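Raw protein-v5.cif, mmCIF, C-alpha atoms:
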data_start
#
loop_
_atom_site.label_atom_id
_atom_site.label_comp_id
_atom_site.auth_asym_id
_atom_site.auth_seq_id
_atom_site.Cartn_x
_atom_site.Cartn_y
_atom_site.Cartn_z
CA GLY M 1 -24.12 103.65 20.52
CA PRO M 2 -22.68 104.81 17.18
CA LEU M 3 -20.35 107.53 18.39
CA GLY M 4 -21.54 110.44 20.50
CA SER M 5 -20.19 113.58 22.11
CA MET M 6 -21.98 112.81 25.36
CA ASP M 7 -22.45 116.14 27.10
CA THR M 8 -25.65 117.79 25.94
CA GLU M 9 -25.91 117.52 22.18
CA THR M 10 -27.78 119.98 20.00
CA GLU M 11 -30.75 117.64 20.04
CA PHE M 12 -29.95 116.60 16.49
CA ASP M 13 -27.66 113.83 17.66
CA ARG M 14 -30.62 112.62 19.67
CA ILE M 15 -32.85 113.00 16.64
CA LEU M 16 -30.58 110.70 14.66
CA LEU M 17 -30.90 108.10 17.39
CA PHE M 18 -34.67 108.13 17.09
CA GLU M 19 -34.35 108.29 13.32
CA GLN M 20 -32.40 105.06 13.01
CA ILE M 21 -35.05 103.59 15.26
CA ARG M 22 -37.97 104.92 13.25
CA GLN M 23 -36.45 103.50 10.09
CA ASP M 24 -35.53 100.29 11.87
CA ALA M 25 -39.03 100.10 13.30
CA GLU M 26 -40.87 101.32 10.23
CA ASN M 27 -38.73 99.13 8.01
CA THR M 28 -39.13 96.29 10.48
CA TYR M 29 -42.86 96.73 9.99
CA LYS M 30 -42.89 95.14 6.55
CA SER M 31 -40.18 92.82 7.83
CA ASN M 32 -42.52 91.68 10.59
CA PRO M 33 -45.89 93.38 11.08
CA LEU M 34 -46.48 90.87 13.85
CA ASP M 35 -43.66 92.25 15.97
CA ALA M 36 -45.66 94.40 18.36
CA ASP M 37 -42.39 95.35 20.02
CA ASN M 38 -41.05 96.98 16.88
CA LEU M 39 -44.54 98.24 16.13
CA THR M 40 -44.70 99.87 19.54
CA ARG M 41 -41.15 101.19 19.50
CA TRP M 42 -41.98 102.52 16.06
CA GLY M 43 -44.46 104.79 17.81
CA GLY M 44 -42.50 105.74 20.90
CA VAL M 45 -39.91 107.21 18.56
CA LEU M 46 -42.55 108.88 16.42
CA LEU M 47 -43.66 110.69 19.55
CA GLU M 48 -40.05 111.53 20.35
CA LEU M 49 -39.11 112.67 16.86
CA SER M 50 -42.48 114.41 16.83
CA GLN M 51 -41.07 116.66 19.53
CA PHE M 52 -38.23 117.84 17.31
CA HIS M 53 -40.34 117.69 14.18
CA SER M 54 -42.74 120.54 13.51
CA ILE M 55 -46.12 120.17 15.16
CA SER M 56 -47.72 119.69 11.76
CA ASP M 57 -45.45 116.71 11.20
CA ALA M 58 -45.72 115.92 14.90
CA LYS M 59 -49.48 115.58 14.66
CA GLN M 60 -49.39 113.41 11.56
CA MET M 61 -46.60 111.48 13.25
CA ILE M 62 -48.74 110.93 16.32
CA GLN M 63 -51.83 109.88 14.40
CA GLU M 64 -49.85 107.16 12.66
CA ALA M 65 -48.04 106.45 15.91
CA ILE M 66 -51.45 105.48 17.26
CA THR M 67 -52.58 103.29 14.39
CA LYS M 68 -49.20 101.63 14.76
CA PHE M 69 -49.90 100.75 18.37
CA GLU M 70 -53.28 99.35 17.40
CA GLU M 71 -51.66 96.63 15.33
CA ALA M 72 -49.18 96.08 18.14
CA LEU M 73 -52.05 95.70 20.57
CA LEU M 74 -53.39 93.05 18.22
CA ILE M 75 -50.15 91.11 18.50
CA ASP M 76 -49.98 91.64 22.25
CA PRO M 77 -52.99 93.03 24.12
CA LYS M 78 -50.98 92.82 27.32
CA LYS M 79 -48.70 95.42 25.80
CA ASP M 80 -49.34 97.91 28.57
CA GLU M 81 -46.89 100.04 26.62
CA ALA M 82 -48.85 100.00 23.38
CA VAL M 83 -51.74 101.18 25.52
CA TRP M 84 -49.80 103.85 27.38
CA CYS M 85 -48.13 104.82 24.12
CA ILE M 86 -51.55 105.32 22.58
CA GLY M 87 -52.32 107.50 25.57
CA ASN M 88 -48.99 109.31 25.45
CA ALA M 89 -49.71 109.95 21.79
CA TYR M 90 -53.13 111.47 22.35
CA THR M 91 -51.84 113.50 25.28
CA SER M 92 -49.07 114.88 23.11
CA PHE M 93 -51.27 115.36 20.07
CA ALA M 94 -53.71 117.18 22.33
CA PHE M 95 -51.11 119.77 23.26
CA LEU M 96 -50.72 120.25 19.52
CA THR M 97 -54.48 120.40 19.06
CA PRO M 98 -56.04 123.76 19.93
CA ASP M 99 -59.51 122.26 19.68
CA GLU M 100 -60.00 122.06 23.43
CA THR M 101 -62.84 119.67 22.70
CA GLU M 102 -60.67 117.36 20.64
CA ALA M 103 -57.63 117.97 22.80
CA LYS M 104 -59.62 117.27 25.95
CA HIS M 105 -61.45 114.39 24.31
CA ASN M 106 -58.01 112.98 23.59
CA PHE M 107 -56.58 113.76 27.00
CA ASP M 108 -59.55 112.00 28.55
CA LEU M 109 -58.94 109.21 26.07
CA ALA M 110 -55.32 108.60 26.98
CA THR M 111 -56.72 108.23 30.48
CA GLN M 112 -58.94 105.28 29.66
CA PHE M 113 -55.79 103.75 28.23
CA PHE M 114 -53.50 104.64 31.12
CA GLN M 115 -55.85 102.74 33.40
CA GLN M 116 -54.88 99.69 31.38
CA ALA M 117 -51.15 100.32 31.47
CA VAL M 118 -51.17 100.79 35.23
CA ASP M 119 -53.56 97.86 35.44
CA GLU M 120 -50.70 95.56 34.51
CA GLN M 121 -48.32 97.46 36.76
CA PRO M 122 -49.56 100.58 38.56
CA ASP M 123 -46.21 100.62 40.32
CA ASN M 124 -44.71 101.85 37.07
CA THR M 125 -43.32 105.33 37.62
CA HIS M 126 -43.91 105.99 33.94
CA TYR M 127 -47.54 104.91 33.93
CA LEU M 128 -47.93 106.90 37.13
CA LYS M 129 -46.79 110.10 35.44
CA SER M 130 -48.94 109.27 32.44
CA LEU M 131 -51.90 108.90 34.76
CA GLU M 132 -51.08 111.83 37.01
CA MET M 133 -50.57 113.79 33.81
CA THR M 134 -54.30 113.47 33.20
CA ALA M 135 -54.93 115.17 36.53
CA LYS M 136 -54.31 118.37 34.60
CA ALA M 137 -55.08 117.12 31.12
CA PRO M 138 -57.45 120.03 30.43
CA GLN M 139 -55.23 122.32 32.47
CA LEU M 140 -51.92 121.31 30.95
CA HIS M 141 -53.45 122.18 27.60
CA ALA M 142 -54.85 125.44 28.93
CA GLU M 143 -51.59 126.36 30.61
CA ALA M 144 -49.76 124.92 27.62
CA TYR M 145 -51.48 127.24 25.18
CA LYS M 146 -52.08 129.93 27.78
CA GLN M 147 -48.43 130.01 28.76
CA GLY M 148 -46.58 131.39 25.75
CA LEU M 149 -47.39 134.50 23.75
CA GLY M 150 -51.06 135.30 23.30
CA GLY M 151 -52.96 138.26 24.71
CA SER M 152 -55.59 138.44 27.43
CA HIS M 153 -54.66 136.88 30.74
CA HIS M 154 -57.87 135.98 32.53
CA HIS M 155 -60.97 137.33 34.25
CA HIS M 156 -60.83 136.42 37.92
CA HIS M 157 -59.38 137.41 41.27
CA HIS M 158 -57.50 135.75 44.11
#
Whole structure given in structure tokens:
Amino acid sequence: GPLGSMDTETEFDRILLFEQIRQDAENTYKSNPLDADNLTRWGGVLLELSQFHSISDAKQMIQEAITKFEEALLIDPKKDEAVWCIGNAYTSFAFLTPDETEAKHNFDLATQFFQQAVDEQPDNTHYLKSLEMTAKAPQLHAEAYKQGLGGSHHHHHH
């Protein structure tokens, strides 16, 4: 906890937090590519920083965030996190991907992974949300892209 206003922050302060992590994780990679913990945390942040970072960079950040988990999964296959992370990545990347097909394909992918995370502990509130999130994987994306500033609304009635 290197200093902090503690109130709301302009997000930046929070970005720095993730930054130091990314560097610590990324750097830790070469320091220990076996450390699935650092490999996983290296992703979690990527996803986080990806939020503040432009989608373009967010996407590329997610992609790598996935490949990162892969190696982590190699170190520890029981890493329900590395699995969920992979899912959380796809889910996020999907929202960034307009290609419903790809987005959906991803959303449905993160699902197959979530089943693993929960597998270890389905009592995990996090994994629960990750799973429940799939409930409207194709919808979240639709409403995600639909809800904003486009044009047409829809063609249906009550």
> Can you list, as a PyMOL selection string, the residues that the PyMOL selection byres ((chain M and resi 117) around 12) selects here?
Replying inline: chain M and resi 73+77-88+110-116+118-131
Would you mind listing what lies within 12 Å of residue M:58 as a tab-separated table (two decimals) with C-alpha atoms, in the frame of the given file, with all atoms listed in the file counted and same-chain residues fewer than 4 positions away left out?
chain	number	residue	atom	x	y	z
M	43	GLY	CA	-44.46	104.79	17.81
M	45	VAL	CA	-39.91	107.21	18.56
M	46	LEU	CA	-42.55	108.88	16.42
M	47	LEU	CA	-43.66	110.69	19.55
M	48	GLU	CA	-40.05	111.53	20.35
M	49	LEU	CA	-39.11	112.67	16.86
M	50	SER	CA	-42.48	114.41	16.83
M	51	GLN	CA	-41.07	116.66	19.53
M	52	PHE	CA	-38.23	117.84	17.31
M	53	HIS	CA	-40.34	117.69	14.18
M	54	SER	CA	-42.74	120.54	13.51
M	62	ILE	CA	-48.74	110.93	16.32
M	63	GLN	CA	-51.83	109.88	14.40
M	64	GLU	CA	-49.85	107.16	12.66
M	65	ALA	CA	-48.04	106.45	15.91
M	89	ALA	CA	-49.71	109.95	21.79
M	90	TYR	CA	-53.13	111.47	22.35
M	92	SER	CA	-49.07	114.88	23.11
M	93	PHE	CA	-51.27	115.36	20.07
M	94	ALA	CA	-53.71	117.18	22.33
M	95	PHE	CA	-51.11	119.77	23.26
M	96	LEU	CA	-50.72	120.25	19.52
M	97	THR	CA	-54.48	120.40	19.06
> So, counting only C-alpha atoms, which residue among M:42, M:100, M:13, M:74 is closest to residue M:27?
Replying inline: M:42
>> Report, in Å with one decimal, the straight-line distance from atom CA of residue M:66 to atom CA of residue M:39.
In response: 10.1 Å
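Nearest residue to residue M:35, choosing from M:105, M:59, M:68, M:158 and counting only C-alpha atoms: M:68.
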> If you measure from atom CA of residue M:135 to atom CA of residue M:71, what distance in Å do you get, rounded to one decimal?
Replying inline: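 Result for atom CA of residue M:135 versus atom CA of residue M:71: 28.4 Å, one decimal.
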Output, as AutoDock Vina command-line options, the centre and edge lengths in Å (one decimal) of the axis-aligned box that contains all listed atoms of stretch 100-119 of chain M with 6 Å of margin on each side.
--center_x -57.0 --center_y 110.0 --center_z 28.0 --size_x 23.7 --size_y 36.2 --size_z 26.8
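Atom pair atom CA of residue M:155 / atom CA of residue M:106 has a distance of 26.7 Å (rounded to one decimal).
For residue M:34, the set of protein, DNA and RNA residues having any atom at most 7 Å away, when counting all atoms listed in the file and skipping those fewer than 2 positions along the same chain, is residues 32, 36 and 75 of chain M.
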Give me the residues near residue M:3 as a short mmCIF file (atom, residue, chain, number, x, y, z; two decimals) with C-alpha atoms, in the frame of the given file, where near means some atom within 12 Å (using all atoms listed in the file) and where sequence neighbours in that chain fewer than 5 positions away do not count.
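Once written, out.cif looks like this:
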data_model
loop_
_atom_site.label_atom_id
_atom_site.label_comp_id
_atom_site.auth_asym_id
_atom_site.auth_seq_id
_atom_site.Cartn_x
_atom_site.Cartn_y
_atom_site.Cartn_z
CA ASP M 13 -27.66 113.83 17.66
CA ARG M 14 -30.62 112.62 19.67
CA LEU M 16 -30.58 110.70 14.66
CA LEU M 17 -30.90 108.10 17.39
#
